[PDB]
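This is structure_21.pdb. It holds PDB, C-alpha atoms and all ligand atoms.
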ATOM      1  CA  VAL H   3     108.728 130.638  77.161  1.00  0.00           C
ATOM      2  CA  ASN H   4     106.514 127.759  78.258  1.00  0.00           C
ATOM      3  CA  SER H   5     102.818 126.899  77.799  1.00  0.00           C
ATOM      4  CA  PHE H   6     101.565 127.397  81.374  1.00  0.00           C
ATOM      5  CA  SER H   7      98.710 129.945  81.241  1.00  0.00           C
ATOM      6  CA  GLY H   8      96.865 132.103  83.727  1.00  0.00           C
ATOM      7  CA  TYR H   9      99.332 131.781  86.608  1.00  0.00           C
ATOM      8  CA  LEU H  10     100.041 134.486  89.146  1.00  0.00           C
ATOM      9  CA  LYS H  11     103.775 135.030  89.614  1.00  0.00           C
ATOM     10  CA  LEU H  12     104.800 134.808  93.272  1.00  0.00           C
ATOM     11  CA  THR H  13     108.581 134.946  92.900  1.00  0.00           C
ATOM     12  CA  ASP H  14     111.305 134.677  90.277  1.00  0.00           C
ATOM     13  CA  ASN H  15     110.587 130.940  89.957  1.00  0.00           C
ATOM     14  CA  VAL H  16     107.236 130.110  91.631  1.00  0.00           C
ATOM     15  CA  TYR H  17     103.841 130.530  89.965  1.00  0.00           C
ATOM     16  CA  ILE H  18     100.354 129.658  91.273  1.00  0.00           C
ATOM     17  CA  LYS H  19      96.871 129.073  89.827  1.00  0.00           C
ATOM     18  CA  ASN H  20      93.443 127.968  91.000  1.00  0.00           C
ATOM     19  CA  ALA H  21      93.217 124.816  88.908  1.00  0.00           C
ATOM     20  CA  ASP H  22      92.549 121.091  88.955  1.00  0.00           C
ATOM     21  CA  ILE H  23      96.007 119.549  88.516  1.00  0.00           C
ATOM     22  CA  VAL H  24      94.454 116.701  86.507  1.00  0.00           C
ATOM     23  CA  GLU H  25      92.858 119.088  84.015  1.00  0.00           C
ATOM     24  CA  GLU H  26      95.976 121.220  83.941  1.00  0.00           C
ATOM     25  CA  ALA H  27      98.189 118.200  83.213  1.00  0.00           C
ATOM     26  CA  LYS H  28      95.907 117.000  80.426  1.00  0.00           C
ATOM     27  CA  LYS H  29      96.029 120.420  78.742  1.00  0.00           C
ATOM     28  CA  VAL H  30      99.716 121.282  79.154  1.00  0.00           C
ATOM     29  CA  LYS H  31     101.269 117.797  78.986  1.00  0.00           C
ATOM     30  CA  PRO H  32     104.186 119.051  81.093  1.00  0.00           C
ATOM     31  CA  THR H  33     107.545 117.312  81.176  1.00  0.00           C
ATOM     32  CA  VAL H  34     106.963 116.638  84.902  1.00  0.00           C
ATOM     33  CA  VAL H  35     103.783 116.426  86.975  1.00  0.00           C
ATOM     34  CA  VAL H  36     104.296 115.965  90.721  1.00  0.00           C
ATOM     35  CA  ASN H  37     102.155 113.468  92.607  1.00  0.00           C
ATOM     36  CA  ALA H  38     101.387 113.838  96.314  1.00  0.00           C
ATOM     37  CA  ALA H  39     102.470 110.261  96.973  1.00  0.00           C
ATOM     38  CA  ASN H  40     102.781 108.078 100.048  1.00  0.00           C
ATOM     39  CA  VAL H  41     105.675 105.687 100.686  1.00  0.00           C
ATOM     40  CA  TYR H  42     103.705 102.703  99.351  1.00  0.00           C
ATOM     41  CA  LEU H  43     102.611 104.528  96.173  1.00  0.00           C
ATOM     42  CA  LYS H  44      99.021 103.598  97.074  1.00  0.00           C
ATOM     43  CA  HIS H  45      97.127 106.277  95.156  1.00  0.00           C
ATOM     44  CA  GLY H  46      93.758 106.039  96.978  1.00  0.00           C
ATOM     45  CA  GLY H  47      92.679 109.679  97.375  1.00  0.00           C
ATOM     46  CA  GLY H  48      93.537 113.335  97.333  1.00  0.00           C
ATOM     47  CA  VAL H  49      95.742 114.405  94.452  1.00  0.00           C
ATOM     48  CA  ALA H  50      97.158 110.888  94.040  1.00  0.00           C
ATOM     49  CA  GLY H  51      93.815 109.219  93.682  1.00  0.00           C
ATOM     50  CA  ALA H  52      92.748 111.893  91.205  1.00  0.00           C
ATOM     51  CA  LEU H  53      95.873 111.526  89.047  1.00  0.00           C
ATOM     52  CA  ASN H  54      95.676 107.741  89.143  1.00  0.00           C
ATOM     53  CA  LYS H  55      91.979 107.738  88.184  1.00  0.00           C
ATOM     54  CA  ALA H  56      92.814 109.943  85.191  1.00  0.00           C
ATOM     55  CA  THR H  57      95.338 107.282  84.039  1.00  0.00           C
ATOM     56  CA  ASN H  58      92.642 104.561  84.207  1.00  0.00           C
ATOM     57  CA  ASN H  59      94.680 102.929  87.048  1.00  0.00           C
ATOM     58  CA  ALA H  60      97.819 102.553  84.895  1.00  0.00           C
ATOM     59  CA  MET H  61      99.722 104.709  87.399  1.00  0.00           C
ATOM     60  CA  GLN H  62      98.800 102.250  90.178  1.00  0.00           C
ATOM     61  CA  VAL H  63      99.807  99.211  88.093  1.00  0.00           C
ATOM     62  CA  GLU H  64     103.211 100.753  87.347  1.00  0.00           C
ATOM     63  CA  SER H  65     103.597 101.808  90.983  1.00  0.00           C
ATOM     64  CA  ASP H  66     102.858  98.328  92.332  1.00  0.00           C
ATOM     65  CA  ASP H  67     105.620  96.895  90.141  1.00  0.00           C
ATOM     66  CA  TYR H  68     107.990  99.658  91.348  1.00  0.00           C
ATOM     67  CA  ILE H  69     107.307  98.838  95.014  1.00  0.00           C
ATOM     68  CA  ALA H  70     107.581  95.090  94.468  1.00  0.00           C
ATOM     69  CA  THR H  71     111.082  95.652  93.043  1.00  0.00           C
ATOM     70  CA  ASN H  72     112.378  98.515  95.194  1.00  0.00           C
ATOM     71  CA  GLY H  73     110.367  98.615  98.418  1.00  0.00           C
ATOM     72  CA  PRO H  74     108.767 101.731  99.884  1.00  0.00           C
ATOM     73  CA  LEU H  75     109.988 105.264  99.445  1.00  0.00           C
ATOM     74  CA  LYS H  76     111.235 107.387 102.343  1.00  0.00           C
ATOM     75  CA  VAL H  77     109.121 110.200 103.755  1.00  0.00           C
ATOM     76  CA  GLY H  78     110.741 113.220 102.104  1.00  0.00           C
ATOM     77  CA  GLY H  79     111.832 111.087  99.142  1.00  0.00           C
ATOM     78  CA  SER H  80     110.702 110.604  95.570  1.00  0.00           C
ATOM     79  CA  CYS H  81     110.871 108.486  92.466  1.00  0.00           C
ATOM     80  CA  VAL H  82     110.398 109.245  88.768  1.00  0.00           C
ATOM     81  CA  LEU H  83     107.878 107.081  86.932  1.00  0.00           C
ATOM     82  CA  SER H  84     105.827 107.473  83.769  1.00  0.00           C
ATOM     83  CA  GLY H  85     103.459 110.398  83.370  1.00  0.00           C
ATOM     84  CA  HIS H  86     101.107 108.169  81.346  1.00  0.00           C
ATOM     85  CA  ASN H  87      98.513 110.300  79.499  1.00  0.00           C
ATOM     86  CA  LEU H  88      99.127 113.309  81.771  1.00  0.00           C
ATOM     87  CA  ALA H  89     102.824 114.266  81.384  1.00  0.00           C
ATOM     88  CA  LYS H  90     106.107 112.834  80.152  1.00  0.00           C
ATOM     89  CA  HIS H  91     107.101 111.902  83.710  1.00  0.00           C
ATOM     90  CA  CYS H  92     105.473 111.771  87.124  1.00  0.00           C
ATOM     91  CA  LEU H  93     107.658 112.733  90.074  1.00  0.00           C
ATOM     92  CA  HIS H  94     106.091 110.910  93.027  1.00  0.00           C
ATOM     93  CA  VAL H  95     107.075 112.958  96.095  1.00  0.00           C
ATOM     94  CA  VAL H  96     106.281 111.915  99.678  1.00  0.00           C
ATOM     95  CA  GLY H  97     105.576 114.854 101.932  1.00  0.00           C
ATOM     96  CA  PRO H  98     105.005 114.143 105.631  1.00  0.00           C
ATOM     97  CA  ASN H  99     101.415 113.183 106.497  1.00  0.00           C
ATOM     98  CA  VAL H 100     100.465 115.049 109.695  1.00  0.00           C
ATOM     99  CA  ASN H 101      97.562 112.716 110.183  1.00  0.00           C
ATOM    100  CA  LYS H 102     100.239 110.003 110.634  1.00  0.00           C
ATOM    101  CA  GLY H 103     102.411 112.048 113.019  1.00  0.00           C
ATOM    102  CA  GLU H 104     105.294 112.529 110.540  1.00  0.00           C
ATOM    103  CA  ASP H 105     107.811 115.306 111.206  1.00  0.00           C
ATOM    104  CA  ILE H 106     106.886 118.484 109.344  1.00  0.00           C
ATOM    105  CA  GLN H 107     110.555 119.419 109.008  1.00  0.00           C
ATOM    106  CA  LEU H 108     110.594 116.665 106.379  1.00  0.00           C
ATOM    107  CA  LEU H 109     108.579 119.004 104.164  1.00  0.00           C
ATOM    108  CA  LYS H 110     111.740 120.872 103.113  1.00  0.00           C
ATOM    109  CA  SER H 111     113.441 117.595 102.160  1.00  0.00           C
ATOM    110  CA  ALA H 112     110.354 116.679 100.108  1.00  0.00           C
ATOM    111  CA  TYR H 113     110.471 119.955  98.151  1.00  0.00           C
ATOM    112  CA  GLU H 114     114.224 119.528  97.497  1.00  0.00           C
ATOM    113  CA  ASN H 115     113.291 116.750  95.059  1.00  0.00           C
ATOM    114  CA  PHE H 116     111.788 119.401  92.781  1.00  0.00           C
ATOM    115  CA  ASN H 117     115.266 120.924  92.224  1.00  0.00           C
ATOM    116  CA  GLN H 118     116.237 117.911  90.095  1.00  0.00           C
ATOM    117  CA  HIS H 119     113.760 119.101  87.408  1.00  0.00           C
ATOM    118  CA  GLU H 120     113.953 122.381  85.518  1.00  0.00           C
ATOM    119  CA  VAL H 121     110.162 122.860  85.219  1.00  0.00           C
ATOM    120  CA  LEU H 122     107.306 121.135  87.093  1.00  0.00           C
ATOM    121  CA  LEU H 123     103.540 121.224  87.523  1.00  0.00           C
ATOM    122  CA  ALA H 124     102.854 120.458  91.187  1.00  0.00           C
ATOM    123  CA  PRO H 125     100.418 120.541  94.103  1.00  0.00           C
ATOM    124  CA  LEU H 126     101.329 121.956  97.489  1.00  0.00           C
ATOM    125  CA  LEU H 127     103.090 119.136  99.311  1.00  0.00           C
ATOM    126  CA  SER H 128     101.555 117.860 102.548  1.00  0.00           C
ATOM    127  CA  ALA H 129      98.390 119.939 101.951  1.00  0.00           C
ATOM    128  CA  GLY H 130      94.872 118.551 101.662  1.00  0.00           C
ATOM    129  CA  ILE H 131      94.438 115.131 103.253  1.00  0.00           C
ATOM    130  CA  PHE H 132      98.102 115.129 104.340  1.00  0.00           C
ATOM    131  CA  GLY H 133      97.060 117.575 107.057  1.00  0.00           C
ATOM    132  CA  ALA H 134      99.671 120.344 106.924  1.00  0.00           C
ATOM    133  CA  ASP H 135      98.930 124.055 106.757  1.00  0.00           C
ATOM    134  CA  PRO H 136      98.971 124.987 103.033  1.00  0.00           C
ATOM    135  CA  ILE H 137     100.245 128.498 103.823  1.00  0.00           C
ATOM    136  CA  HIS H 138     103.282 126.882 105.466  1.00  0.00           C
ATOM    137  CA  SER H 139     103.700 124.505 102.537  1.00  0.00           C
ATOM    138  CA  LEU H 140     103.763 127.433 100.103  1.00  0.00           C
ATOM    139  CA  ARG H 141     106.376 129.213 102.220  1.00  0.00           C
ATOM    140  CA  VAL H 142     108.620 126.125 102.293  1.00  0.00           C
ATOM    141  CA  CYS H 143     108.136 125.706  98.532  1.00  0.00           C
ATOM    142  CA  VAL H 144     109.217 129.285  97.820  1.00  0.00           C
ATOM    143  CA  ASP H 145     112.184 129.036 100.195  1.00  0.00           C
ATOM    144  CA  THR H 146     113.369 125.615  98.914  1.00  0.00           C
ATOM    145  CA  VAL H 147     112.567 125.166  95.225  1.00  0.00           C
ATOM    146  CA  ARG H 148     114.912 127.010  92.867  1.00  0.00           C
ATOM    147  CA  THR H 149     113.631 125.487  89.624  1.00  0.00           C
ATOM    148  CA  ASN H 150     110.483 126.710  87.882  1.00  0.00           C
ATOM    149  CA  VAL H 151     107.376 125.407  89.641  1.00  0.00           C
ATOM    150  CA  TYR H 152     103.753 125.899  88.566  1.00  0.00           C
ATOM    151  CA  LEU H 153     101.497 125.233  91.556  1.00  0.00           C
ATOM    152  CA  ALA H 154      97.909 124.107  91.012  1.00  0.00           C
ATOM    153  CA  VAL H 155      95.539 124.730  93.929  1.00  0.00           C
ATOM    154  CA  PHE H 156      92.187 122.970  93.558  1.00  0.00           C
ATOM    155  CA  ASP H 157      90.185 124.961  96.117  1.00  0.00           C
ATOM    156  CA  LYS H 158      89.354 128.524  95.042  1.00  0.00           C
ATOM    157  CA  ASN H 159      88.843 129.690  98.623  1.00  0.00           C
ATOM    158  CA  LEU H 160      92.252 128.316  99.567  1.00  0.00           C
ATOM    159  CA  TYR H 161      93.887 129.784  96.462  1.00  0.00           C
ATOM    160  CA  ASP H 162      92.601 133.258  97.350  1.00  0.00           C
ATOM    161  CA  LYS H 163      93.813 132.859 100.936  1.00  0.00           C
ATOM    162  CA  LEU H 164      97.268 131.722  99.758  1.00  0.00           C
ATOM    163  CA  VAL H 165      97.648 134.727  97.433  1.00  0.00           C
ATOM    164  CA  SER H 166      96.268 137.271  99.885  1.00  0.00           C
ATOM    165  CA  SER H 167      98.523 136.081 102.737  1.00  0.00           C
ATOM    166  CA  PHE H 168     101.689 135.622 100.655  1.00  0.00           C
ATOM    167  CA  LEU H 169     104.698 137.576 101.871  1.00  0.00           C
TER     168      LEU H 169
HETATM  169  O1  LIG Y 201      93.081 116.529  96.989  1.00  0.00           O
HETATM  170  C1  LIG Y 201      93.081 117.394  96.179  1.00  0.00           C
HETATM  171  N1  LIG Y 201      93.485 118.742  96.545  1.00  0.00           N
HETATM  172  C2  LIG Y 201      93.898 119.011  97.906  1.00  0.00           C
HETATM  173  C3  LIG Y 201      92.758 119.753  98.620  1.00  0.00           C
HETATM  174  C4  LIG Y 201      91.390 119.526  98.633  1.00  0.00           C
HETATM  175  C5  LIG Y 201      90.549 120.339  99.383  1.00  0.00           C
HETATM  176  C6  LIG Y 201      91.082 121.391 100.134  1.00  0.00           C
HETATM  177  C7  LIG Y 201      92.455 121.623 100.131  1.00  0.00           C
HETATM  178  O2  LIG Y 201      92.976 122.673 100.890  1.00  0.00           O
HETATM  179  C8  LIG Y 201      93.294 120.805  99.378  1.00  0.00           C
HETATM  180  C9  LIG Y 201      94.843 120.824  99.153  1.00  0.00           C
HETATM  181  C10 LIG Y 201      95.124 119.852  98.043  1.00  0.00           C
HETATM  182  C11 LIG Y 201      95.436 120.606  96.735  1.00  0.00           C
HETATM  183  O3  LIG Y 201      94.758 121.616  96.407  1.00  0.00           O
HETATM  184  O4  LIG Y 201      96.369 120.204  95.992  1.00  0.00           O
HETATM  185  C12 LIG Y 201      92.592 117.110  94.761  1.00  0.00           C
HETATM  186  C13 LIG Y 201      93.005 117.870  93.679  1.00  0.00           C
HETATM  187  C14 LIG Y 201      92.512 117.590  92.414  1.00  0.00           C
HETATM  188  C15 LIG Y 201      91.600 116.566  92.228  1.00  0.00           C
HETATM  189  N2  LIG Y 201      91.097 116.314  90.888  1.00  0.00           N
HETATM  190  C16 LIG Y 201      89.981 115.413  90.692  1.00  0.00           C
HETATM  191  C17 LIG Y 201      88.839 115.514  91.474  1.00  0.00           C
HETATM  192  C18 LIG Y 201      87.817 114.612  91.253  1.00  0.00           C
HETATM  193  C19 LIG Y 201      87.963 113.667  90.254  1.00  0.00           C
HETATM  194  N3  LIG Y 201      89.054 113.603  89.519  1.00  0.00           N
HETATM  195  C20 LIG Y 201      90.051 114.439  89.712  1.00  0.00           C
HETATM  196  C21 LIG Y 201      91.178 115.820  93.323  1.00  0.00           C
HETATM  197  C22 LIG Y 201      91.671 116.097  94.580  1.00  0.00           C
END

Once more with this new file: its structure as structure tokens, please.
Amino acid sequence: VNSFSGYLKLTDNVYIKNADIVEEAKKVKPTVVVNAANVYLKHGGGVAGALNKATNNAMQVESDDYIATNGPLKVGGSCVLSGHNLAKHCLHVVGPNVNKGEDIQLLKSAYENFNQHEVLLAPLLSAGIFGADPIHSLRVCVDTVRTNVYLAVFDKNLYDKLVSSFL
């Protein structure tokens, strides 16, 4: 039993809700919140900008030190940093950004990072301003992630479309 509330169950291990991931993180305080990161951990907009704003820019400060030490992430890769006031940990995961021409096959590699964590609160990778089809992202999530994932979808219209089209 965990504290995630109001989710629709899609599969044995994948759950989905129309929710603001920032508000959901603040209420649940999950062990792991996933950020829709880029390779530079520059959290300017979309989910990343929202999460970073909620940390009063502490996520960005920590991220800049991480990059200065380690260099950029790989597309499809991840790193674990602090969850600040939102979660114990933040798993920064880089899905391919279609508006940069990155290979969408890398989306499966991106979701594989979730398997290193037993339970996660997450957005749909590569959705939103990353330009991929969210229906496709949900399919890859279901077919790749084996650990317990609670997906937060900000847009109600998109949430309803994802549920209604789910196979
Ligand atoms: O980018 C965001 N979502 C994407 C989006 C947006 C629109 C249509 C879409 O299909 C998608 C897919 C993505 C998703 O749903 O994950 C997002 C989520 C929460 C948020 N929280 C917040 C907002 C304002 C101030 N502070 C915190 C901000 C942005």

Quote the spacing between atom CA of residue H:105 and atom CA of residue H:70 in Å to one decimal place.
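For atom CA of residue H:105 relative to atom CA of residue H:70, the distance reads 26.2 Å.
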
Selection result for the PyMOL selection byres (((not hetatm)) within 10 of (chain Y and resi 201)) on this file, as a ChimeraX atom specification:
/H:20-26,37-38,47-56,124-137,153-161

Give me a file of those residues, with C-alpha atoms, as a PDB file, in the frame of the given file.
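Result went into part.pdb, see below:
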ATOM      1  CA  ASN H  20      93.443 127.968  91.000  1.00  0.00           C
ATOM      2  CA  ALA H  21      93.217 124.816  88.908  1.00  0.00           C
ATOM      3  CA  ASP H  22      92.549 121.091  88.955  1.00  0.00           C
ATOM      4  CA  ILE H  23      96.007 119.549  88.516  1.00  0.00           C
ATOM      5  CA  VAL H  24      94.454 116.701  86.507  1.00  0.00           C
ATOM      6  CA  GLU H  25      92.858 119.088  84.015  1.00  0.00           C
ATOM      7  CA  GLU H  26      95.976 121.220  83.941  1.00  0.00           C
ATOM      8  CA  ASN H  37     102.155 113.468  92.607  1.00  0.00           C
ATOM      9  CA  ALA H  38     101.387 113.838  96.314  1.00  0.00           C
ATOM     10  CA  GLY H  47      92.679 109.679  97.375  1.00  0.00           C
ATOM     11  CA  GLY H  48      93.537 113.335  97.333  1.00  0.00           C
ATOM     12  CA  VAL H  49      95.742 114.405  94.452  1.00  0.00           C
ATOM     13  CA  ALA H  50      97.158 110.888  94.040  1.00  0.00           C
ATOM     14  CA  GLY H  51      93.815 109.219  93.682  1.00  0.00           C
ATOM     15  CA  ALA H  52      92.748 111.893  91.205  1.00  0.00           C
ATOM     16  CA  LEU H  53      95.873 111.526  89.047  1.00  0.00           C
ATOM     17  CA  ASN H  54      95.676 107.741  89.143  1.00  0.00           C
ATOM     18  CA  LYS H  55      91.979 107.738  88.184  1.00  0.00           C
ATOM     19  CA  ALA H  56      92.814 109.943  85.191  1.00  0.00           C
ATOM     20  CA  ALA H 124     102.854 120.458  91.187  1.00  0.00           C
ATOM     21  CA  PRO H 125     100.418 120.541  94.103  1.00  0.00           C
ATOM     22  CA  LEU H 126     101.329 121.956  97.489  1.00  0.00           C
ATOM     23  CA  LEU H 127     103.090 119.136  99.311  1.00  0.00           C
ATOM     24  CA  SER H 128     101.555 117.860 102.548  1.00  0.00           C
ATOM     25  CA  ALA H 129      98.390 119.939 101.951  1.00  0.00           C
ATOM     26  CA  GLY H 130      94.872 118.551 101.662  1.00  0.00           C
ATOM     27  CA  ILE H 131      94.438 115.131 103.253  1.00  0.00           C
ATOM     28  CA  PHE H 132      98.102 115.129 104.340  1.00  0.00           C
ATOM     29  CA  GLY H 133      97.060 117.575 107.057  1.00  0.00           C
ATOM     30  CA  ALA H 134      99.671 120.344 106.924  1.00  0.00           C
ATOM     31  CA  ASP H 135      98.930 124.055 106.757  1.00  0.00           C
ATOM     32  CA  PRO H 136      98.971 124.987 103.033  1.00  0.00           C
ATOM     33  CA  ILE H 137     100.245 128.498 103.823  1.00  0.00           C
ATOM     34  CA  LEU H 153     101.497 125.233  91.556  1.00  0.00           C
ATOM     35  CA  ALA H 154      97.909 124.107  91.012  1.00  0.00           C
ATOM     36  CA  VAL H 155      95.539 124.730  93.929  1.00  0.00           C
ATOM     37  CA  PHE H 156      92.187 122.970  93.558  1.00  0.00           C
ATOM     38  CA  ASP H 157      90.185 124.961  96.117  1.00  0.00           C
ATOM     39  CA  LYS H 158      89.354 128.524  95.042  1.00  0.00           C
ATOM     40  CA  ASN H 159      88.843 129.690  98.623  1.00  0.00           C
ATOM     41  CA  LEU H 160      92.252 128.316  99.567  1.00  0.00           C
ATOM     42  CA  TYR H 161      93.887 129.784  96.462  1.00  0.00           C
TER      43      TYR H 161
END

Selection result for the PyMOL selection byres (((chain H and resi 79-95) around 7) and not hetatm) on this file, as a PyMOL selection string
chain H and resi 27-28+31-39+57+75-78+96-97+112+115

Pairwise distance, atom CA of residue H:164 with atom CA of residue H:6, equals 19.4 Å

One number please: atom CA of residue H:42 to atom CA of residue H:60, in Å, one decimal.
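Atom-to-atom, atom CA of residue H:42 and atom CA of residue H:60 are spaced 15.6 Å apart.
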
Would you mind listing what lies within 10 Å of stretch 11-15 of chain H as a ChimeraX atom specification, with all atoms listed in the file counted and same-chain residues fewer than 2 positions away left out?
/H:8-9,17-19,121,144,147-152,165,168-169

So, with all atoms listed in the file as the atoms that count, which of H:118, H:107, H:166, H:58 lies closest to residue H:142?
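Closest candidate: H:107.
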
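Across H:40, H:30, H:4, H:162, the tightest approach to residue H:102 is made by H:40 when counting only C-alpha atoms.
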
Hey, what's within 8 Å of stretch 64-68 of chain H if we count only C-alpha atoms and toss same-chain stuff fewer than 5 positions away? As a PDB file with C-alpha atoms, in the coordinates of the input, please?
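Output file around-v8.pdb is given in full below:
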ATOM      1  CA  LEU H  43     102.611 104.528  96.173  1.00  0.00           C
ATOM      2  CA  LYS H  44      99.021 103.598  97.074  1.00  0.00           C
ATOM      3  CA  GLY H  73     110.367  98.615  98.418  1.00  0.00           C
ATOM      4  CA  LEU H  83     107.878 107.081  86.932  1.00  0.00           C
TER       5      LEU H  83
END
